[PDB]
Protein chains: 2
Amino acid sequence: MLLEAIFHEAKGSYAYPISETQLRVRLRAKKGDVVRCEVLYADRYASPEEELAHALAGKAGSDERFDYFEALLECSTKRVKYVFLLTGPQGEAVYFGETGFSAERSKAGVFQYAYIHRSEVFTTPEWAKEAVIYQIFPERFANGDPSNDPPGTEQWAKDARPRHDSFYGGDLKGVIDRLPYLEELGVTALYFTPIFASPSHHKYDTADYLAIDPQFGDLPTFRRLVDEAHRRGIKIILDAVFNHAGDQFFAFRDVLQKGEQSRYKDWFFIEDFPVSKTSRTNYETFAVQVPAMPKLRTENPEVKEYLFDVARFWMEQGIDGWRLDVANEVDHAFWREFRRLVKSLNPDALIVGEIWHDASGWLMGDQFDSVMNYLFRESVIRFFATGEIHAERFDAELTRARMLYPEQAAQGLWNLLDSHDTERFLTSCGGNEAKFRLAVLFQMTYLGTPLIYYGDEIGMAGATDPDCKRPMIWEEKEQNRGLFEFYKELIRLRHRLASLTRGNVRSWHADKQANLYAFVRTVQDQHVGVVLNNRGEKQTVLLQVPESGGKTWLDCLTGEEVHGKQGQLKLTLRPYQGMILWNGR
Amino acid sequence: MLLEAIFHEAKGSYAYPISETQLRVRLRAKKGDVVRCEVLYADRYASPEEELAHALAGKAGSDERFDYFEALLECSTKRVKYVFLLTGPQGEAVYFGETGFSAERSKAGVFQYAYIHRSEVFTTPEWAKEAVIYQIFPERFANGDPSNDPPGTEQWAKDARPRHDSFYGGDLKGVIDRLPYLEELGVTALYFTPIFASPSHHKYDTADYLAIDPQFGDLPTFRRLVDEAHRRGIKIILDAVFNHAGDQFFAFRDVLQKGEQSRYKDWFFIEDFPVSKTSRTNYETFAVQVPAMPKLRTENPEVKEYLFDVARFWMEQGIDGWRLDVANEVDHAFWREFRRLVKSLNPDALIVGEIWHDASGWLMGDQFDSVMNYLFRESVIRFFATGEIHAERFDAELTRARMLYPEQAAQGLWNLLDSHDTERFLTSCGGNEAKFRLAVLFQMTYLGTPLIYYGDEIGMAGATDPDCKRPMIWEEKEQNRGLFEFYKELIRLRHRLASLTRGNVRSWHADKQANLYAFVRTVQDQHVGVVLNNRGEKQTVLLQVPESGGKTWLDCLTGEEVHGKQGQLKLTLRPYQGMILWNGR
Ligand SMILES: [Ca+2]
Ligand SMILES: [Ca+2]
């Protein structure tokens with residue numbers, strides 16, 4: 001077979017513990033190029049003469065080019081060596097080891113997992129596992145306190161069309177006054193973009209990390225929100241921008257004054273002195289030449305201790321987690337220590353970085369708990385919105401990413417359909433609710449934490465930034481209640497069905513022609529099949545269904561009881577209709 | 001080409017900064033599949049309408065199945081986003097990026113390397129970059145103080161055939177007296193095995209990590225050795241065990257004598273009581289059924305602190321490095337923190353662990369500086385000793401292991417030929433000095449830190465443990481001064497030719513027939529073509545040498561002056577003769 005395509009590494013996303021005594025091993029190989037992959041393992045210090053323990057690695061799923069096999073090494077010694085046995089199509093065999101490939105087991109070698117220390121087991125907040133985050137763009141959510149509105153605030157209307165310099169008054173107070181709504185919907189957590197003291201409209205150039213920006217509120221009001229939120233079963237998540245600071249930050253303001261005389265010169269990245277200039281800057285900033293944003297030297301202990309203090313403060317205020325802004329741009333050590341600090345104060349405080357590329361490095365279990373799933377979104381966009389890729393590609397894209405990181409991460413990844421940095425998904429769907437809906441039914445049933453962008457629940461609309469930041473629609477006569485209900489129910493099902501939150505995924509059906517995709521969520525003896533007919537015509541399809549997994553499901557959405565007849569299950573989906581079948585166990 | 005063979009990642013040994021503004025990148029492929037590999041890159045925040053820089057990745061080498069390309073990226077902004085351009089035999093142009101492979105650059109996405117932090121540039125001590133260690137098993141090296149000689153010691157004779165529990169009285173005072181010997185040899189640091197107070201013949205079950213064993217010496221005696229060695233250009237590298245303790249350790253005692261009533265019960269891995277018995281373990285130990293070695297719970301903040309205290313002390317005595325056994329069976333967080341500590345007391349403290357399998361997760365730069373290059377020994381122990389493998393294979397086994405880690409790690413790897421655990425290399429050669437020499441020659445010109453086992457520099461032969469620990473031959477008469485002066489001259493050269501210590505490695509010639517392997521060490525403009533003639537015959541091979549690298553070389557071993565013609569170099573080598581050609585630059 002093709003051995004230069006087979007891959008595995010006794011670490012990272014291919015080898016990791018799930019329990020102190022259980023190791024997860026994965027193997028990659030060319031699609032179809034392999035048919036049977038078994039794992040022969042035994043304690044590292046065991047006699048070579050002894051018999052190795054066998055382990056079967058099922059095909060966890062495949063993508064555009066690879067097949068993925070996954071097993072589960074049961075280890076009592078907490079230490080284990082293991083070699084693969086790969087059987088191909090024609091029936092040929094080969095051993096895969098650290099040493100290399102060989103027909104003989106000996107010359108194959110053997111991979112090794114040093115030791116499984118409980119402290120290196122990827123562990124995340126249990127609640128986070130089954131939760132629904134809701135992104136709040138404060139400025140445009142709800143204006144509850146007029147007295148704190150910035151000068152020149154445009155009236156709050158539905159037919160308003162926002163501009164980079166527009167303002168509507170959105171503030172914390174408002175968030176509270178609306179909690180009942182947020183609760184009704186079922187969100188269990190709120191994600192707040194930057195709400196710290198800042199002079200700009202974007203508030204990404206922090207001025208005071210220890211104070212809530214005026215237009216939004218104050219410590220008293222925040223504490224209140226937190227509590228009023230907490231009692232209503234909603235958690236708070238604050239956006240931390242530790243990478244760069246604002247050109248007003250006390251520490252940076254001094255540098256701009258005392259120059260090299262300030263005990264803060266090495267808190268930032270400066271070169272040619274003195275420190276100032278028009279549109280030119282001798283100090284490093286966020287992105288390319290952004291004066292109002294001096295990169296913070298998170299490597300310097302001082303610069304670390306401050307940020308950490310900032311964490312402590314707000315930690316005490318009662319928040320439930322952090323959303324790292326531009327995290328991949330800050331030394332890993334900072335992050336490693338940040339987690340530790342955050343976790344000692346609150347073991348359930350979630351930590352979510354924002355990287356726009358293979359986040360594997362921060363997702364080993366010692367840094368962040370998860371990252372925004374830009375990939376999930378892209379796949380979503382091109383499959384339900386633009387129709388650029390067909391169900392087969394959609395399956396591959398989805399499958400490739402799942403394998404990218406350890407399950408622990410995989411399962412926590414924040415799946416958004418959009419953001420303040422992108423156009424509304426409805427708009428992406430060219431105004432077609434049907435598509436929109438199906439997309440939601442998928443986000444709401446797929447692997448990974450659901451993130452709803454404020455508005456989308458009642459069908460708001462809008463082009464790219466800042467058109468995606470229109471003010472929240474509050475008039476019932478002007479809201480999409482039918483949608484709101486659709487969400488409510490999906491959100492509920494996600495709580496009633498455990499498979500959907502704590503279950504794995506495995507592709508069920510894919511048709512590039514019919515353009516229909518289906519996956520299954522499995523946990524213990526349960527089971528939940530999701531069928532999606534991504535088309536504008538009525539279609540019927542036959543899906544493989546062995547009695548071992550049951551022969552009668554229930555469309556949790558319509559109540560229709562579908563019955564299976566000899567491994568097959570006939571299904572007739574309406575345009576852009578989605579089915580959520582529950583086996584019963 | 002087989003795209004499922006190509007592999008790369010923006011981390012580990014495939015993406016790492018050699019400096020704060022330079023990112024080394026490595027690409028893997030099927031041997032032969034790729035012919036040309038170029039890297040297109042620009043700042044992470046660069047504009048798409050902007051131009052892309054270029055970097056020609058040259059075939060850094062090639063093992064049994066893969067081809068490895070390498071390219072150094074110059075990033076001033078410290079933010080790089082790149083994409084590969086591969087080209088196969090048929091000139092097919094395919095780009096490789098984070099998204100995947102495509103004949104369209106854009107459609108191929110692009111790899112990204114977040115940010116280059118100076119604190120994350122694998123940094124090792126300068127002195128270690130060109131040192132030559134000398135393993136000392138204090139028991140059988142020099143007995144300078146008989147006042148410590150344990151009752152039952154034997155006679156120091158050339159014919160002494162040690163036994164599994166023999167005694168020779170060797171101690172530290174002997175290491176001091178005999179220093180003029182080492183200095184002469186040319187060594188630059190000594191590596192001792194466990195020398196901490198312990199009740200055993202191997203002392204791997206430490207009793208007091210705070211004092212020398214009674215039979216070896218004491219604090220005063222130790223210091224004296226340190227200062228004396230230091231004023232001779234020799235450094236001290238102690239071997240400490242932090243994975244487990246001895247059964248007599250002050251803490252474990254309390255436990256084996258106060259069940260769960262022990263204020264140290266969480267300092268070990270205990271399942272139940274009674275605490276112990278012969279042939280019974282109620283606690284975890286190194287390997288299986290080894291009561292003497294009770295694993296330490298390095299995860300415990302207290303157990304960690306103590307070990308650190310042990311470090312601190314011995315580091316204040318003036319040591320310069322640590323050699324850690326079973327380093328892989330102790331959590332990362334420990335090592336990360338241990339490195340940070342040590343480095344704060346002495347920026348030039350070397351930290352080397354012992355891992356008998358891929359050690360990448362420990363050689364990222366935040367933990368160990370290097371490991372014992374066991375891959376090297378095996379490849380050497382078969383090419384010059386037994387002859388199980390031919391030159392081609394050799395070349396491969398090297399080129400492979402080499403690529404395991406980043407360049408800063410591969411470069412400090414301790415290349416041993418034998419050790420206190422194996423048989424002496426001469427004995428692996430069946431007493432054949434001819435072969436041995438070449439080996440030494442290679443081991444002394446190849447990439448990585450040369451480690452010399454006590455005695456092997458004068459011929460000292462011997463079978464596997466405990467026959468590898470024969471009493472050091474001190475009677476000049478009964479010594480192979482011929483080898484001694486051979487070793488010495490080699491050391492001198494490696495200290496004169498930058499390339500040999502701080503240079504990269506690339507194969508020059510590898511012929512399965514003649515069985516002649518020749519490699520080249522390089523730095524800036526210097527070159528050291530080393531040619532190895534591994535055959536009992538006087539073979540003559542041709543070497544490809546473009547007039548760019550030079551036209552005239554010099555064999556530093558003999559002084560002969562060879563010349564290249566029209567990009568061709570004819571050399572006549574003798575049976576097992578080593579040549580070290582310097583391009584005179
Ligand atoms: Ca307001
Ligand atoms: Ca003695």
# chains A, B, ... in the order shown; residues from 1 in each chain; ligands from 1
>>> select_by_dssp(residues="range 289-534 of chain B", states="strand (DSSP E or B)", output="MDAnalysis selection string")
chainID B and resid 294:296 321:324 350:353 370:372 414:415 449:453 504:511 516:523 526:533
>>> residues_around(residues="range 521-530 of chain B", least_positions_apart="2", cutoff="8 Å", atoms="only C-alpha atoms", output="ChimeraX atom specification")
/B:445-447,497-500,502-506,508,518-519,532,549,578-585
>>> write_last_selection(atoms="C-alpha atoms", output="PDB file, in the first residue's frame")
ATOM      1  CA  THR B 445      32.969  15.348  13.282  1.00  0.00           C
ATOM      2  CA  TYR B 446      29.248  14.780  13.109  1.00  0.00           C
ATOM      3  CA  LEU B 447      26.477  17.125  14.329  1.00  0.00           C
ATOM      4  CA  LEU B 497      36.713  24.113  12.728  1.00  0.00           C
ATOM      5  CA  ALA B 498      33.565  26.128  13.472  1.00  0.00           C
ATOM      6  CA  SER B 499      31.582  23.897  11.071  1.00  0.00           C
ATOM      7  CA  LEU B 500      32.106  20.787  13.168  1.00  0.00           C
ATOM      8  CA  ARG B 502      28.139  25.131  14.872  1.00  0.00           C
ATOM      9  CA  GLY B 503      27.528  23.914  11.313  1.00  0.00           C
ATOM     10  CA  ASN B 504      24.629  22.195   9.570  1.00  0.00           C
ATOM     11  CA  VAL B 505      24.809  18.764   7.928  1.00  0.00           C
ATOM     12  CA  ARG B 506      24.133  17.578   4.401  1.00  0.00           C
ATOM     13  CA  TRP B 508      27.767  14.490   0.149  1.00  0.00           C
ATOM     14  CA  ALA B 518      30.736  11.269   3.096  1.00  0.00           C
ATOM     15  CA  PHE B 519      28.959  14.211   4.751  1.00  0.00           C
ATOM     16  CA  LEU B 532      34.304   7.789   5.392  1.00  0.00           C
ATOM     17  CA  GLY B 549      32.065  25.889  -2.772  1.00  0.00           C
ATOM     18  CA  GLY B 578      38.764   9.041   7.463  1.00  0.00           C
ATOM     19  CA  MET B 579      39.349  12.262   5.586  1.00  0.00           C
ATOM     20  CA  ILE B 580      38.533  15.745   6.849  1.00  0.00           C
ATOM     21  CA  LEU B 581      38.747  18.229   4.005  1.00  0.00           C
ATOM     22  CA  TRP B 582      38.604  21.905   4.819  1.00  0.00           C
ATOM     23  CA  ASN B 583      37.761  24.320   2.007  1.00  0.00           C
ATOM     24  CA  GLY B 584      40.313  26.681   3.515  1.00  0.00           C
ATOM     25  CA  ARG B 585      37.715  29.257   4.504  1.00  0.00           C
TER      26      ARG B 585
END
>>> atom_distance(atom1="CA of residue 133 in chain A", atom2="CA of residue 406 in chain A")
21.3 Å
>>> residues_near_ligand(ligand="ligand 2", cutoff="10 Å", atoms="only C-alpha atoms and all ligand atoms", output="NGL selection string")
:B and (138-139 or 142-150 or 153 or 168-174 or 214-217)
>>> write_last_selection(atoms="N, CA, C and O atoms", output="compact mmCIF listing (two decimals), in the first residue's frame")
# COMPACT_ATOMS: atom_id res chain seq x y z
N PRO B 138 32.04 7.22 38.82
CA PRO B 138 32.93 7.40 39.97
C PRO B 138 33.46 6.16 40.68
O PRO B 138 34.53 6.21 41.28
N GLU B 139 32.75 5.04 40.59
CA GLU B 139 33.22 3.84 41.29
C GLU B 139 34.49 3.23 40.70
O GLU B 139 35.36 2.77 41.44
N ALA B 142 38.92 6.57 39.43
CA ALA B 142 40.13 6.88 40.16
C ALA B 142 39.83 6.83 41.65
O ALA B 142 38.85 7.42 42.11
N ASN B 143 40.68 6.12 42.39
CA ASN B 143 40.56 5.96 43.84
C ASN B 143 41.68 6.78 44.48
O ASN B 143 42.79 6.28 44.68
N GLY B 144 41.39 8.04 44.80
CA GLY B 144 42.41 8.90 45.38
C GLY B 144 42.37 8.99 46.89
O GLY B 144 43.32 9.46 47.51
N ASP B 145 41.28 8.53 47.48
CA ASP B 145 41.16 8.56 48.93
C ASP B 145 40.65 7.21 49.42
O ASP B 145 39.46 6.92 49.36
N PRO B 146 41.57 6.35 49.90
CA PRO B 146 41.27 5.01 50.41
C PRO B 146 40.53 5.01 51.75
O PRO B 146 40.02 3.98 52.18
N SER B 147 40.48 6.16 52.40
CA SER B 147 39.81 6.28 53.69
C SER B 147 38.33 6.04 53.57
O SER B 147 37.64 5.88 54.57
N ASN B 148 37.82 6.03 52.34
CA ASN B 148 36.39 5.81 52.15
C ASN B 148 36.14 4.42 51.55
O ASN B 148 35.00 3.95 51.50
N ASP B 149 37.22 3.77 51.11
CA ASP B 149 37.13 2.43 50.52
C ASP B 149 36.27 1.46 51.33
O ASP B 149 36.63 1.07 52.45
N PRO B 150 35.11 1.05 50.78
CA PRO B 150 34.20 0.12 51.44
C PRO B 150 34.87 -1.23 51.65
O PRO B 150 35.56 -1.73 50.76
N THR B 153 36.88 -4.15 49.03
CA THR B 153 37.37 -3.62 47.76
C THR B 153 38.36 -4.59 47.13
O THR B 153 39.00 -5.38 47.82
N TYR B 168 35.54 -1.23 43.99
CA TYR B 168 36.88 -0.79 43.61
C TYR B 168 37.33 0.46 44.35
O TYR B 168 38.46 0.91 44.19
N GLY B 169 36.43 1.00 45.17
CA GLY B 169 36.75 2.18 45.97
C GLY B 169 36.89 3.53 45.27
O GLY B 169 37.23 4.52 45.93
N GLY B 170 36.64 3.57 43.96
CA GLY B 170 36.74 4.81 43.22
C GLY B 170 35.93 5.90 43.88
O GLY B 170 34.81 5.67 44.33
N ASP B 171 36.48 7.11 43.91
CA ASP B 171 35.80 8.22 44.56
C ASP B 171 36.20 9.53 43.92
O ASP B 171 37.03 9.56 43.02
N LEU B 172 35.58 10.62 44.39
CA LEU B 172 35.83 11.96 43.86
C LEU B 172 37.28 12.42 43.95
O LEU B 172 37.84 12.89 42.96
N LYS B 173 37.89 12.32 45.13
CA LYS B 173 39.28 12.75 45.25
C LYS B 173 40.10 12.22 44.08
O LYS B 173 41.08 12.84 43.67
N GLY B 174 39.69 11.08 43.52
CA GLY B 174 40.40 10.50 42.39
C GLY B 174 40.19 11.31 41.12
O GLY B 174 41.10 11.47 40.32
N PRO B 214 28.84 8.83 51.24
CA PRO B 214 30.00 8.68 52.11
C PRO B 214 31.24 8.10 51.41
O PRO B 214 32.35 8.56 51.66
N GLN B 215 31.04 7.11 50.54
CA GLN B 215 32.16 6.46 49.86
C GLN B 215 32.79 7.22 48.71
O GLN B 215 33.86 6.83 48.23
N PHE B 216 32.14 8.29 48.27
CA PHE B 216 32.67 9.10 47.17
C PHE B 216 33.34 10.37 47.69
O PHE B 216 34.42 10.75 47.22
N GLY B 217 32.71 11.01 48.68
CA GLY B 217 33.27 12.23 49.24
C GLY B 217 32.36 13.02 50.17
O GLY B 217 31.64 12.45 51.00
>>> residues_around(residues="residue 19 in chain A", least_positions_apart="5", cutoff="10 Å", atoms="only C-alpha atoms", output="mmCIF file with N, CA, C and O atoms, in the first residue's frame")
data_model
loop_
_atom_site.group_PDB
_atom_site.id
_atom_site.type_symbol
_atom_site.label_atom_id
_atom_site.label_comp_id
_atom_site.auth_asym_id
_atom_site.auth_seq_id
_atom_site.Cartn_x
_atom_site.Cartn_y
_atom_site.Cartn_z
ATOM 1 N N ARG A 24 -5.967 7.886 23.922
ATOM 2 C CA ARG A 24 -6.643 7.985 22.648
ATOM 3 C C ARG A 24 -5.563 8.087 21.576
ATOM 4 O O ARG A 24 -4.706 8.966 21.642
ATOM 5 N N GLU A 74 -6.475 1.102 26.649
ATOM 6 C CA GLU A 74 -6.774 0.941 28.071
ATOM 7 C C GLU A 74 -5.449 0.655 28.772
ATOM 8 O O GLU A 74 -4.878 -0.429 28.600
ATOM 9 N N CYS A 75 -4.976 1.634 29.551
ATOM 10 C CA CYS A 75 -3.696 1.556 30.270
ATOM 11 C C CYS A 75 -3.804 1.656 31.782
ATOM 12 O O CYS A 75 -4.276 2.655 32.308
ATOM 13 N N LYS A 78 -0.442 3.394 33.298
ATOM 14 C CA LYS A 78 -0.446 4.813 32.954
ATOM 15 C C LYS A 78 0.658 5.121 31.949
ATOM 16 O O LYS A 78 0.861 6.265 31.544
ATOM 17 N N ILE A 116 0.977 9.187 31.780
ATOM 18 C CA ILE A 116 -0.264 9.938 31.808
ATOM 19 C C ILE A 116 -0.466 10.586 33.169
ATOM 20 O O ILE A 116 -0.934 9.940 34.104
ATOM 21 N N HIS A 117 -0.092 11.856 33.285
ATOM 22 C CA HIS A 117 -0.261 12.579 34.546
ATOM 23 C C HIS A 117 -1.605 13.250 34.502
ATOM 24 O O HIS A 117 -1.907 13.976 33.562
ATOM 25 N N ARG A 118 -2.410 13.016 35.525
ATOM 26 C CA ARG A 118 -3.725 13.607 35.573
ATOM 27 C C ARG A 118 -3.731 15.099 35.252
ATOM 28 O O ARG A 118 -4.660 15.568 34.608
ATOM 29 N N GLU A 120 -2.195 16.679 33.093
ATOM 30 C CA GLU A 120 -2.066 16.929 31.669
ATOM 31 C C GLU A 120 -3.246 16.326 30.905
ATOM 32 O O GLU A 120 -3.124 15.964 29.741
ATOM 33 N N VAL A 121 -4.389 16.214 31.567
ATOM 34 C CA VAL A 121 -5.571 15.684 30.921
ATOM 35 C C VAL A 121 -6.476 16.849 30.587
ATOM 36 O O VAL A 121 -6.950 17.542 31.486
ATOM 37 N N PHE A 122 -6.757 17.034 29.300
ATOM 38 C CA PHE A 122 -7.580 18.158 28.836
ATOM 39 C C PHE A 122 -8.972 18.125 29.486
ATOM 40 O O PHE A 122 -9.812 17.277 29.182
ATOM 41 N N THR A 123 -9.194 19.098 30.363
ATOM 42 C CA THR A 123 -10.413 19.214 31.144
ATOM 43 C C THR A 123 -11.051 20.569 31.040
ATOM 44 O O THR A 123 -10.429 21.575 31.357
#
>>> residues_around(residues="range 353-360 of chain A", least_positions_apart="4", cutoff="7 Å", atoms="only C-alpha atoms", output="compact mmCIF listing (two decimals) with N, CA and C atoms, in the first residue's frame")
# COMPACT_ATOMS: atom_id res chain seq x y z
N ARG A 323 -12.74 35.69 26.72
CA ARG A 323 -12.68 35.54 25.26
C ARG A 323 -11.43 36.33 24.86
N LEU A 324 -10.35 35.60 24.57
CA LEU A 324 -9.08 36.20 24.20
C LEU A 324 -9.11 36.83 22.83
N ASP A 325 -8.79 38.11 22.79
CA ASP A 325 -8.77 38.82 21.53
C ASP A 325 -7.32 38.84 21.05
N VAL A 326 -7.08 38.34 19.84
CA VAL A 326 -5.73 38.31 19.26
C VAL A 326 -4.73 37.56 20.15
N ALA A 327 -5.17 36.45 20.72
CA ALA A 327 -4.33 35.66 21.61
C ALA A 327 -3.08 35.05 21.01
N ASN A 328 -3.18 34.50 19.81
CA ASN A 328 -2.03 33.87 19.17
C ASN A 328 -0.87 34.80 19.00
N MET A 364 -3.68 22.01 23.40
CA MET A 364 -3.15 20.78 23.95
C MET A 364 -3.77 20.48 25.31
N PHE A 368 -5.73 27.31 26.17
CA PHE A 368 -7.14 27.70 26.10
C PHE A 368 -8.00 26.44 26.10
N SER A 370 -10.84 26.49 24.12
CA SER A 370 -11.28 26.44 22.74
C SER A 370 -11.07 27.76 22.01
N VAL A 371 -11.41 27.76 20.72
CA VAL A 371 -11.27 28.92 19.85
C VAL A 371 -12.50 29.06 18.94
N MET A 372 -12.72 30.25 18.38
CA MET A 372 -13.86 30.45 17.50
C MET A 372 -13.62 29.53 16.32
N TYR A 374 -13.81 29.31 13.00
CA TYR A 374 -13.97 29.98 11.74
C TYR A 374 -14.26 28.97 10.65
N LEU A 404 -8.56 17.91 13.53
CA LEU A 404 -7.55 18.92 13.81
C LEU A 404 -7.08 18.99 15.26
N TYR A 405 -8.00 18.95 16.21
CA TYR A 405 -7.63 19.06 17.62
C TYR A 405 -8.15 17.92 18.48
N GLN B 112 0.37 30.02 8.62
CA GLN B 112 0.63 31.23 9.38
C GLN B 112 1.41 30.97 10.65
>>> calpha_fit_rmsd(fixed="chain B", moving="chain A")
0.6 Å
>>> interface_residues(of="chain B", to="chain A", cutoff="6 Å", atoms="only C-alpha atoms", output="PyMOL selection string")
chain B and resi 4-5+114-115+287+328-329
>>> write_last_selection(atoms="N, CA, C and O atoms", output="PDB file, in the first residue's frame")
ATOM      1  N   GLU B   4      -0.648  13.112  -0.318  1.00  0.00           N
ATOM      2  CA  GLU B   4      -0.861  12.560   1.005  1.00  0.00           C
ATOM      3  C   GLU B   4       0.469  12.155   1.630  1.00  0.00           C
ATOM      4  O   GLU B   4       0.507  11.488   2.657  1.00  0.00           O
ATOM      5  N   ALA B   5       1.566  12.547   1.007  1.00  0.00           N
ATOM      6  CA  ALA B   5       2.870  12.194   1.547  1.00  0.00           C
ATOM      7  C   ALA B   5       3.500  13.468   2.029  1.00  0.00           C
ATOM      8  O   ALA B   5       4.371  13.467   2.893  1.00  0.00           O
ATOM      9  N   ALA B 114       1.830  32.809  13.871  1.00  0.00           N
ATOM     10  CA  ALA B 114       1.341  33.852  14.755  1.00  0.00           C
ATOM     11  C   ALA B 114       2.287  35.025  15.000  1.00  0.00           C
ATOM     12  O   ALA B 114       2.221  36.041  14.309  1.00  0.00           O
ATOM     13  N   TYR B 115       3.174  34.879  15.975  1.00  0.00           N
ATOM     14  CA  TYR B 115       4.089  35.951  16.317  1.00  0.00           C
ATOM     15  C   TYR B 115       5.429  35.405  16.764  1.00  0.00           C
ATOM     16  O   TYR B 115       5.488  34.368  17.419  1.00  0.00           O
ATOM     17  N   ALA B 287       9.370   1.421  36.637  1.00  0.00           N
ATOM     18  CA  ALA B 287       9.180   0.117  36.016  1.00  0.00           C
ATOM     19  C   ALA B 287       8.228  -0.717  36.886  1.00  0.00           C
ATOM     20  O   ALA B 287       7.429  -0.167  37.655  1.00  0.00           O
ATOM     21  N   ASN B 328      11.050  11.408  30.907  1.00  0.00           N
ATOM     22  CA  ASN B 328       9.763  11.390  30.238  1.00  0.00           C
ATOM     23  C   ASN B 328       8.597  10.968  31.110  1.00  0.00           C
ATOM     24  O   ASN B 328       7.439  11.134  30.727  1.00  0.00           O
ATOM     25  N   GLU B 329       8.894  10.430  32.286  1.00  0.00           N
ATOM     26  CA  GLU B 329       7.840   9.984  33.172  1.00  0.00           C
ATOM     27  C   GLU B 329       7.529  11.021  34.217  1.00  0.00           C
ATOM     28  O   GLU B 329       7.107  10.684  35.310  1.00  0.00           O
TER      29      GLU B 329
END
>>> closest_residue(among="A:131, A:413, A:53, A:175", to="ligand 1", atoms="only C-alpha atoms and all ligand atoms")
A:175
>>> residues_around(residues="residue 533 in chain A", least_positions_apart="2", cutoff="10 Å", atoms="only C-alpha atoms", output="VMD selection string")
chain A and resid 391 438 511 514 to 518 531 535 to 541 572 to 579
>>> residues_around(residues="residue 425 in chain A", least_positions_apart="5", cutoff="10 Å", atoms="only C-alpha atoms", output="count of residues only")
25
>>> select_by_dssp(residues="range 131-295 of chain A", states="alpha helix (DSSP H)", output="NGL selection string")
:A and (172-185 or 219-230 or 250-258)
>>> write_last_selection(atoms="C-alpha atoms", output="mmCIF file, in the first residue's frame")
data_model
loop_
_atom_site.group_PDB
_atom_site.id
_atom_site.type_symbol
_atom_site.label_atom_id
_atom_site.label_comp_id
_atom_site.auth_asym_id
_atom_site.auth_seq_id
_atom_site.Cartn_x
_atom_site.Cartn_y
_atom_site.Cartn_z
ATOM 1 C CA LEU A 172 -25.233 47.225 30.164
ATOM 2 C CA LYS A 173 -28.368 48.435 31.967
ATOM 3 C CA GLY A 174 -30.241 47.556 28.823
ATOM 4 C CA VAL A 175 -28.832 44.055 28.816
ATOM 5 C CA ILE A 176 -30.320 43.511 32.260
ATOM 6 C CA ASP A 177 -33.689 44.901 31.305
ATOM 7 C CA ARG A 178 -33.734 42.314 28.564
ATOM 8 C CA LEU A 179 -32.485 39.273 30.433
ATOM 9 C CA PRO A 180 -36.088 37.910 30.488
ATOM 10 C CA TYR A 181 -35.918 37.767 26.713
ATOM 11 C CA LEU A 182 -32.451 36.202 26.661
ATOM 12 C CA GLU A 183 -33.672 33.717 29.266
ATOM 13 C CA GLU A 184 -36.864 32.870 27.383
ATOM 14 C CA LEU A 185 -34.687 32.058 24.383
ATOM 15 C CA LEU A 219 -18.815 48.330 38.395
ATOM 16 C CA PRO A 220 -22.146 48.531 40.273
ATOM 17 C CA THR A 221 -24.145 47.994 37.127
ATOM 18 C CA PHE A 222 -21.852 45.209 35.935
ATOM 19 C CA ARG A 223 -22.077 43.350 39.245
ATOM 20 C CA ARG A 224 -25.859 43.684 38.976
ATOM 21 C CA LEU A 225 -25.944 42.301 35.383
ATOM 22 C CA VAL A 226 -23.747 39.438 36.439
ATOM 23 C CA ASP A 227 -26.055 38.546 39.301
ATOM 24 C CA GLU A 228 -29.291 39.169 37.491
ATOM 25 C CA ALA A 229 -27.762 37.022 34.749
ATOM 26 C CA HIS A 230 -26.427 34.364 37.028
ATOM 27 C CA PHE A 250 -1.928 54.913 31.960
ATOM 28 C CA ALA A 251 1.282 52.975 31.366
ATOM 29 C CA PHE A 252 1.602 54.182 27.832
ATOM 30 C CA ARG A 253 0.599 57.743 28.577
ATOM 31 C CA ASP A 254 3.607 58.040 30.887
ATOM 32 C CA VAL A 255 6.016 56.797 28.253
ATOM 33 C CA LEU A 256 4.623 59.517 25.970
ATOM 34 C CA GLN A 257 5.615 61.940 28.737
ATOM 35 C CA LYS A 258 8.683 60.913 30.790
#
>>> decode(residues="range 238-244 of chain B", atoms="C-alpha atoms", output="CSV table (one decimal), in the first residue's frame")
chain,number,residue,atom,x,y,z
B,238,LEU,CA,25.5,16.1,37.7
B,239,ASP,CA,22.9,13.4,37.1
B,240,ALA,CA,19.9,13.7,39.4
B,241,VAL,CA,16.7,11.6,39.5
B,242,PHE,CA,13.5,13.4,39.9
B,243,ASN,CA,11.0,10.8,38.7
B,244,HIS,CA,11.4,8.6,41.8
